[PDB]
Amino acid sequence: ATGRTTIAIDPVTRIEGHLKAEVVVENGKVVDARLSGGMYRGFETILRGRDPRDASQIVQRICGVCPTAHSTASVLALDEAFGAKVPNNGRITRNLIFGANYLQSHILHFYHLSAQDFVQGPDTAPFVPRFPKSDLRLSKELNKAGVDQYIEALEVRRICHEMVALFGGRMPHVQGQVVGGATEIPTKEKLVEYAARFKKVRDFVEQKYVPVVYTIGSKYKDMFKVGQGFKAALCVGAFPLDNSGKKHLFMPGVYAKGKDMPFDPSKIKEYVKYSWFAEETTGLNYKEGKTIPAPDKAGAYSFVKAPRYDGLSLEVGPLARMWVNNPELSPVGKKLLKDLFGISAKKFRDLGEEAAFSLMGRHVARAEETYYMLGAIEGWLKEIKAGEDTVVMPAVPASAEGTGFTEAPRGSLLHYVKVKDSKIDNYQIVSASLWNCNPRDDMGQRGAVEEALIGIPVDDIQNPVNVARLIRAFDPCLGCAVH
């Protein structure tokens, strides 16, 4: 029986952005945790006073891994504020631009950020040095498959960005989404180019990525037994499948305390007691949000605000979306669950709440969601009409408001804009890693990842590898969390 050790990790690496984690370990388990987002830029104040159309470029610079998500939320908010009626073909083109980056981001996350948690890379920087007891369990053959797939995935993720750029202009930071739709009508020739690249990505996802996650997972079965946290999830909806605004690839919902509930955005409030913002701004819904930095405020430990849904601390991301929507599992997931785990499952929730809401369950959910996105993209390639207009050109309003809701690869994203005198009067962002990587609220309730760290095993304080392994399962992007 051992006493307490307190472990600080700054920087947490193989995530995006600036994160410090501090955990209290007692008797071999984490018993408390604090997450600190350590870098601030202040997009919500930078945007004030600008032509509202500029937002769909400015906001993308919140994050170079997920800029299409912010582009999408921004143009949806501007569409609403301006009363722009996006043409059907533009809705589909937007889905093709953004869906290709889901593929990029999930592949980047599993291979280039997460896989070194389980795979020893070649004997040169940036793969060494590392912890002397890194708990790397794979056979020589399977470790080599992980390295070979890491290298192949560098090419695949690059091809995904070619897909984004075909109708998006370039990537990172697309030019092709604006208020009113998409700036470039897909041609027959460029649709051939997108489909040819998509086939290569599909083959990698089906043959290498989904199988390797289950196979590595089968060597780390203990990692399905930890990291549950609150077992509470949020989805705000994403990828509209018609022009009504009512039907989406991912439908909205909340899950908490074992129960499905509807999503009502008026129940979102952002708290700041433990965040470096002025105390008088605590507890605001985003339509009345304020961003007043207070970097010297006593007791605070993060630039991430603390969003709560009707008082609840929720997580977001692939697990959240796949749990809320409960799609059928991939054929190869069904097979490997049976062969390698003895599990008979048809739909995602057949994993059960405990295994789904776990360190390894979040990696599985992300791989399953990547497979799910393949079928969506295939459908959009059949639905799109070469040559049909994708944009309208709306006048800027003097006075208006709008909200854009979508799902970034890491989770729920909304942007709210208020226009006065034809300029941005307020712009408020509530992002995915905000929901995951936030600090305590004004009542002392932990953020989702803080809570998911409780119970994580640390059997060797000198090689505390599972702390950051848990964090990485959530695919943190701290640029998004803080903005």
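Counting begins at 1, following the sequence as shown.
Higher mean CA temperature factor between 395 to 403 and 106 to 114: 395 to 403, per the PDB entry.
When 406 to 414 is weighed against 118 to 126, 118 to 126 comes out higher, by mean CA B-factor as recorded in the entry. The PDB entry assigns its highest CA temperature factor, among 149, 95, 370, 266, to 266. Among 315, 184, 79, 280, the highest C-alpha B-factor in the deposited entry belongs to 280. When all modelled residues of the chain are sorted by CA temperature factor, residue 451 is found within the middle third. Annotation for residue 27: CA B-factor lies in the highest third of the chain's modelled residues. Among all modelled residues in this chain, the alpha-carbon of residue 13 has a temperature factor (C-alpha) in the lowest third. In the PDB entry, a CA B factor belonging to the lowest third of its chain's modelled residues is recorded for residue 59. When the CA B factors of the chain's modelled residues are split into thirds, the value for residue 165 lands in the lowest one.
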